[PDB]
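just coords:
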């Protein structure tokens, strides 16, 4: 863990495993567009917000 | 003991065997420099402390040469002091050195020198660098063939590419700094994987998850993988050996730093006469070291009778005829913790069944 070589003040911050569970993005869909639609670029997930 | 010749006051200070175990220098690496680098002197372990201390050797030229980039990337990740030796005289300098415990190849192909160097008794777990070329998934049987399976090694696949110093950084010198950073921060028993690289360097080759499936078995190659949560992280704690005992670089490097902290303490009790007063001090001093690791969580088990055991005594470990040859025998057991390589989650809909 810590090595003590020279006389002095050693600060070492031991911290326990902080574990918490985040809940986010329950229903985020994807839309398989029509193959004929020329505006969607080929093989790229173009993302829209509103 | 004392002789009484004249009438007077005699002061004699009898003192018992004071034995304590010191833990220091867990991960201090050496760098096999390139043979062409003219600045390293021939057959001398020139020792550097920091990058401003290293810059007095050479004031410029951070950009191109592969040793010069590697030690710059080493100090950026983790802090330590490292010796620099030429690979020609690598086997001559390392046995006569104080604390060299990571023989780190800074891209120099020194596999033969490593095998000659480290017996099972010495220690010095020695990391390697992966092949700088592309590794496909169906060419897995040949890419493992170059490395020979030994439990004192570790391979890291993708050579790293940084913004500064546009030549390719070898992954072995980068991972050498993460070892000294993890062993200082969270101790030696915690696995050196799952730690983001503090230097601003990205992997040159992207890692598919199915590509890591058939490489992280057998004599495994650990793989540095970058994903979005933590950036470019190291993602392998396996060594080059596939058996149940010595599968992990935390379970290997804990048995190096315990078998070197006790060996320095045994020099104080070296020529002490072995009877019941002597090997009660040696038993009680070793068992306090193995108790201090258990309170830190380095050893598994519920209570201290299961985490470790130490046995010295006439009878129990050595017979009478071995005492007459003057060799006392210490048996030491350790249950080192192994990392959670595959955390699995089982979900049932039967909650009253339990």
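It's in. Numbering: from 1, shown residues only, chains lettered A, B, ... in the order given.

residues from chain A in reach of chain B?
Counting by Cβ under 8 Å from any Cβ of the partner chain, the positions of chain A adjacent to chain B are A:1, A:2, A:3, A:4, A:5, A:12, A:14. (Each C-beta comes from the backbone N, C-alpha and C, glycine too.)

change it to 10 Å
A:1, A:2, A:3, A:4, A:5, A:12, A:13, A:14, A:15 (Cβ under 10 Å from any Cβ of the partner chain).

Neighbour-wise, give me the winner out of the residues you listed.
For these, counting by other Cβ atoms under 10 Å in any protein chain shown, the largest number of neighbours falls to residue A:1: 18 neighbours.

List the contacts of that residue.
Contacts for residue A:1 (Cβ atoms under 10 Å, 6 or more residues apart in numbering or on different chains) come out as A:12, A:14, B:23, B:26, B:183-190, B:292-293, B:296, B:298.

Am I right that residue A:31 sits in a helix?
No: per DSSP: H, G, I helix; E, B strand; the rest coil, residue A:31 lies outside any helix segment and is coil.

do you know how far it is from chain B?
Residue A:31 is 23 Å from chain B, where distance means Cβ to the nearest Cβ, to the nearest Å.

Just give me the neighbour total for that residue.
Neighbourhood size, residue A:31 [other Cβ under 10 Å]: 7.

For it, give me its contacts.
By Cβ under 10 Å, 6+ apart, residue A:31 lies in contact with A:40, A:48.

Of the contacts of residue A:1, which pair is most distant in space?
Greatest spacing in the contacts of residue A:1, by Cβ to Cβ: B:185 and B:292 (17.8 Å).

Quickly find the element holding the residue lying farthest from the centre of chain A.
In chain A, the residue that sits farthest from the middle, by Cα atoms, centre = their mean, is residue A:7; the gap is 42.0 Å. Residue A:7 belongs to no helix or strand when assigned by DSSP states H and E.

got it, and the one 5 residues further on?
For residue A:12, there is no enclosing helix or strand under DSSP H and E.

In contact with it, which residues?
A:1, A:2, B:184, B:185 are the contacts of residue A:12 under Cβ under 10 Å, 6+ apart.

So what does the second one have for phi and psi?
Phi and psi for residue A:2, reported as degrees, to the nearest 10, are phi -100, psi 140.

and if you look at the one 3 residues further on?
Residue A:5 has phi and psi values of phi -110, psi -50 when expressed as degrees, to the nearest 10.

Quick check: closest non-adjacent residue to it.
Nearest residue to residue A:5 in three dimensions, chain neighbours excluded: residue B:24, at 7.4 Å (Cβ to Cβ, 6 or more residues apart in numbering or on different chains).

neighbours around residue A:32, how many?
Neighbourhood size, residue A:32 [other Cβ under 10 Å]: 5.

Also the one 5 residues further on?
A count of neighbours around residue A:37, defined by other Cβ under 10 Å, yields 7.

Could you check how far it is from chain B?
With Cβ to the nearest Cβ as the criterion, residue A:37 and chain B are 29 Å apart.

So what does that residue have for phi and psi?
Dihedral angles (degrees, to the nearest 10) for residue A:37: phi -70, psi 110.

Give me the phi and psi for residue A:24.
Phi and psi for residue A:24, reported as degrees, to the nearest 10, are phi -160, psi 150.

what residues are up against residue A:14?
Counting by Cβ under 10 Å, 6+ apart, residue A:14 has contacts A:1, A:2, B:185, B:186, B:187, B:296.

how long is stretch A:35-45 from one end to the other?
Its first and final residues considered, stretch A:35-45 spans 14 Å by Cα to Cα, to the nearest Å.

Identify each buried residue in that stretch, please.
By neighbour count on 16 or more other Cβ atoms under 10 Å in any protein chain shown, the buried set for stretch A:35-45 is empty.

Give me the residues contacting it.
Contacts with stretch A:35-45, where a contact means Cβ under 10 Å, 6+ apart, come from A:30, A:31, A:33, A:34, A:46.

May I ask which of those residues has the most neighbours?
Comparing the contacts of stretch A:35-45 by number of neighbours (other Cβ under 10 Å), residue A:33 comes first, having 10 neighbours.

residues touching that one, list them.
A:39, A:40, A:46.

so of these, which ones are in strands?
The strands, defined by DSSP state E, take in nothing from the contacts of residue A:33.

What is the nearest of those to chain B?
Nearest to chain B among the contacts of residue A:33: residue A:46, at 18.8 Å, using Cβ to the nearest Cβ.

For stretch A:29-41, what is the distance to the chain centroid?
26 Å (Cα atoms, centre = their mean, to the nearest Å).

From start to finish, how long is it in a straight line?
Length of stretch A:29-41, first residue to last, Cα to Cα: 18 Å.
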